[PDB]
Amino acid sequence: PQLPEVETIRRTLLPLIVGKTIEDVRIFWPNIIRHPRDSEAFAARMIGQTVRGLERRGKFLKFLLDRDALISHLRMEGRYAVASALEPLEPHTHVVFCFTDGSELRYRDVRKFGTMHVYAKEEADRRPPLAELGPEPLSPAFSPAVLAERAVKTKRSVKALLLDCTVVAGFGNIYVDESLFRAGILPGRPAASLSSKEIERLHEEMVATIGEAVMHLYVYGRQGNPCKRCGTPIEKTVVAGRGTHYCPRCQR
DNA sequence: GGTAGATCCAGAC
DNA sequence: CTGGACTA
Ligand SMILES: [Zn+2]
């Protein structure tokens, strides 16, 4: 799921778990557990705590308990569901939080790429994976000035810059390609080569693209198909080690 | 320090 | 071969 989907999850999941008390934590793929390193310590500390809130930072979910916060990233295919302890688990269920009311919060992930970290609430923001996380793309903290500052000081491509979680929080590949198309900028352009005009335009399109989503595609996954603005075939290459889609006419 | 490469997974290829 | 976010 991308940032807008994660926000939807935050909003919809909260009422399904708020006020419930953890009675057990069951782990079927311990590699998902990143802190404490020991999955047994992760499980033990959460028992007895009540879910008090659910926040999002970038594509991370932050479950707020009594003493601890659980920081969860779903990566490509992670998913949460709340269901009865009486029913069989769905395939690829790797972590289950069992509540005292006989319900469960289940984490599924066919790819097993997702991660979980638990720390005392007051430590969460200063430890991985939230430490160093850049500003929310929809916040005043993410501004053209901030983007400009990062762009001038690097030798990387503009696409590489936008994918950097320290630059802006949770801006995914799809939205990078879409934003760059809408801003008229080739993804392989060195970030430092962007004019102040291009930086402003790019920031504008970034906010608009992800903002719209939180509330069709021009290039992403459309390689070989005509551009919706000019009819030129969309092309796909590799930039910043990722599948990259662009129109060679609209983008410069 | 900056930046690329290293890496985990399993399904599609 | 592919994706997001320690090491050298
Ligand atoms: Zn075009």
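Residue numbering restarts at 1 for every chain, and letters A, B, ... go by the order of the sequence lines.
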How many Å lie between NZ on A/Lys112 and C1' on C/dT2, as a whole number?
18 Å
Among B/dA10, B/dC8, C/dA5, the one nearest A/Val110 by side-chain distance
B/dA10
Is there a donor-acceptor pair closer than 3.5 Å between any side-chain N or O of A/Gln49 and the backbone N or O of A/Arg67?
yes
Without decimals, in angstroms, what is the distance between A/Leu130 CG and C/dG4 P?
18 Å
Hey, does A/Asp164 reach any base, or is it just sugar-phosphate, or nothing, if we go heavy atoms under 4.0 Å?
nothing
CZ of A/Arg111 versus P of C/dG4: gap in Å, rounded?
13 Å
Between atom CD in A/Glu132 and atom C1' in B/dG2, what is the gap in whole Å?
14 Å
Presence of A/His73 side-chain N/O under 4.0 Å of C/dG4 phosphate oxygens OP1/OP2:
no
For B/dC13, the Watson-Crick or wobble partner whose two distances fall under 3.5 Å
none
For B/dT3, does OP1 or OP2 lie under 4.0 Å from any side-chain N or O of A/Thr154?
yes
Looking only at the side chains, is there a donor atom on one of A/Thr237 and A/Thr244 sitting less than 3.5 Å from an acceptor on the other?
no
Phosphate OP1/OP2 of B/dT3: any A/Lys155 side-chain N/O under 4.0 Å
no
Taking A/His35 for its side chain and A/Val118 for its backbone only, find out whether a donor-acceptor pair lies under 3.5 Å.
yes
In whole Å, I'd like the distance from the OH atom of A/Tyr175 to the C1' atom of C/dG4.
15 Å
Determine which nucleotide pairs with B/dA6, using a 3.5 Å limit on both distances of a Watson-Crick or G-U wobble pair.
none
Compute the ring centroids of A/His245 and A/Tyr220, then answer whether they are less than 6.0 Å apart.
yes
Considering only side-chain heavy atoms of A/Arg75, which listed nucleotide, C/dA5, B/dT3, C/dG3, is closest?
C/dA5
P atoms of C/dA5 and B/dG11, separation to the nearest Å:
23 Å
Nearest listed nucleotide, side chain of A/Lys59, among B/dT3, B/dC9, C/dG4:
C/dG4
Could you tell me whether a side-chain N or O of A/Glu149 sits under 3.5 Å from a main-chain N or O of A/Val146, the two making a donor and an acceptor?
no
A/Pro128 side chain, from C-beta outward: closest of C/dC6, C/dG3, B/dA4:
C/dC6
Between P of B/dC8 and CG of A/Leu74, the distance in whole Å
21 Å
Taking atom P of B/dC9 as reference, at what distance in whole Å does atom CD1 of A/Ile33 sit?
13 Å
On DNA chain B, check which nucleotide each of A/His92 and A/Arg34 is closest to and give me the residue with the more 5' one.
A/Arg34
Quick one: do A/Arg189 and A/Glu198 satisfy side-chain contact (heavy atoms from CB on, under 4.5 Å)? Show the steps, please.
CA-CA 11 Å; A/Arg189 294 269 308 279; A/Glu198 283 171 315; 3.0 Å; yes
Side-chain N or O of A/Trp29 closer than 4.0 Å to phosphate OP1/OP2 of B/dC8
no
Length of the line joining A/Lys159:NZ and C/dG3:P, which is rounded to integer Å
8 Å
Among C/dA5, B/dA4, C/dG3, which is the nearest nucleotide to the side chain of A/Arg156?
B/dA4
Regarding A/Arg242, tell me which of base, sugar-phosphate or nothing describes its non-hydrogen contacts under 4.0 Å with the strands shown.
base
Could you walk me through whether A/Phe171 and A/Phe142 satisfy the ring pair (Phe, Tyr, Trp, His ring centres under 6.0 Å) test, starting with their C-alpha distance in whole Å, then the side-chain angles of each, then the deciding distance to 0.1 Å, before giving a yes or no?
CA-CA 12 Å; A/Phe171 212 88; A/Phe142 182 61; 7.4 Å; no
Rounding to an integer number of angstrom, what distance separates B/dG2 and C/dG4 when you compare their P atoms?
23 Å
P-based separation of B/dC8 from C/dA8 [nearest Å]
14 Å
Does B/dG1 have a Watson-Crick or wobble partner in any strand here, with both distances under 3.5 angstrom, and which is it?
none
Please classify the nucleic acid contact of A/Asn31 as base, sugar-phosphate, or nothing, using heavy-atom distances under 4.0 Å.
sugar-phosphate
